[PDB]
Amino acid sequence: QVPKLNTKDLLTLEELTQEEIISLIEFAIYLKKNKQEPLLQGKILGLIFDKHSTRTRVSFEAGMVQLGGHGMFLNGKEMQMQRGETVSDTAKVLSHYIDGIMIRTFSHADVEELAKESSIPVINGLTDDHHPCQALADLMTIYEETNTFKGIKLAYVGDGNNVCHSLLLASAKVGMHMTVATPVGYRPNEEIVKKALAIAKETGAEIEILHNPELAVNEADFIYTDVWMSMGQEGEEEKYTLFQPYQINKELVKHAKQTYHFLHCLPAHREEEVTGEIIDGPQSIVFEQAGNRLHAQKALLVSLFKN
C-alpha cells in the first residue's frame, strides 16, 4: 500500500505529518527488503543541480531507474535560467515535458517559487537552508536500529546549517529528543528553531540548542556532524579556529552512551569535523546511512507521483 500524502512537494518536512513520515519510513523499509517492481514505469524526474553532488545525484537517478522510470540530469549551467529565464517560466515549460523535478540550489526561495509555479511535484535535493531528503533517510537509519523514536536522543555537534535545520524539524516531527551544539556565531537559524520547538510541543520531543558539545552529547544514542564549510558559505579563516572544540573525536564521544552510533551526511573531511578513528570505527553507520538515501527517496517518489 503506497502512503498517501497531503502535499504535492517536499521542500522542508514541515509539509508532512508525523503519521506520514512514519508511513514513508515503513514503505522505504519494505522497498529495501523486497524485489524491485516498476511502480514508476515511464515517469521522468528532472534533476536540476546548481551545486556539487555524489549521493543525491546518483541515488535519485538510480531510484527512478529501479522503479522503471528515468532521471534526467540538468546541470544548471546549461539551462536558460543562466541567461536570465525566470524560475516561473522554467516551471511552466518543464511541466509540459516531464513528471517531477528534484532541485538542488542555493536560494530556498527559488525552490519555493519553482514548486508554486509547477503543476508537477518538486523535491528539494538541498538548499542553503534545508536538506529534507537527507533527514528522512537519517530517520529511517535511526529507526532500523531502534524500532522507535520514543526515548531516543540525537545530538548534532557542528555548524548550524541546512542539515542541522532538517534534523531539527525531523526530530520534532517524530517526537525524538535532539540537542544541538554549535560555536558562538554559528547557531541554527532562529526561525527554524522556533518552528521545531512549536512542533515539539505537540509530539513530546525535547529540542535544546546549546554551545557546550560535551553537555549536548551526554547520554546520546546518536552523534551527528557535518562539514564546517558548506557549499553555500563564504570562507572565514577564523571559523576553523572556533570550530576546533566541536570536532567529533574519542574524547567527545565518551560522554555519550557506550552503545551510541555515529552519523554524518557526507561528504566528510577526516581530521576536521570528525577523526578517522570515529568515522571508520565500530560505532559508525555512515555508509548504511548513505545507502538509505536510495530507499527513503524511492518511497517519497512513489508517494508523490501517485497524487
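Don't overthink the numbering: it's just position in the shown sequence, from 1.
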| item | value |
| --- | --- |
| Mean C-alpha temperature factor, higher of 186-194 and 80-88 | 186-194 |
| Entry-level comparison of average CA B-factors, 244-252 and 22-30, reporting the higher stretch | 244-252 |
| Maximum C-alpha temperature factor, selected from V122, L169, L94, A205 | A205 |
| Highest-ranked of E113, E236, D99, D128 once sorted by CA temperature factor in the record | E236 |
| For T12, the third of its chain into which the C-alpha B factor falls | middle |
| Relative C-alpha B-factor of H52, binned into the chain's lowest, middle or highest third | lowest |
| Position of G71 among the chain's modelled residues by C-alpha B-factor, lowest, middle or highest third | lowest |
| Entry-reported Cα temperature factor of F106, expressed as the chain third it lands in | lowest |
| Assigned third (lowest, middle, highest) for the C-alpha B factor of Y260 | highest |
